[PDB]
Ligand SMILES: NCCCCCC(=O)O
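In structure tokens, the next block holds one chain alone, the form deposited without this ligand.
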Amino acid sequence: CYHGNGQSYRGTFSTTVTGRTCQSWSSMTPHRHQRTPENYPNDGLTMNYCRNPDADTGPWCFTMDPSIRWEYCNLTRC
């Protein structure tokens, strides 16, 4: 679990809500994006971990599902 909007979340959980696997923020595969550790160095954008680099309402991620752009992660607001 995370606190607030999980802005501070820097945990190693990477499974979407639907049991789908989180894509690595570095990788442009399958979802091509700009939320990179490279564009946002102080965000926690490590590997495929779940983060909220964007003032979302909980920690989310880009999905390894070519069909699913992104989703929240299977976490709970501590």
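All residue numbers are counted from 1 along the displayed sequence.
FYI, the form deposited with this ligand bound isn't displayed, but the following is about it.
Asker: For residue 9, is any heavy atom within 4.5 Å of this ligand in the deposited bound form, or not?
Answerer: Outside the cut-off, so no.
Asker: Is residue 13 a contact residue for this ligand in the deposited bound form, using a 4.5 Å heavy atom cut-off?
Answerer: No, residue 13 is distant from the partner.
Asker: Pull the contact list for 44 to 63: residues with a heavy atom within 4.5 Å of this ligand in the deposited bound form, in sequence order.
Answerer: Counting only heavy atoms within 4.5 Å of this ligand in the deposited bound form, the contacting residues of 44 to 63 are 54, 56, 60, 62.
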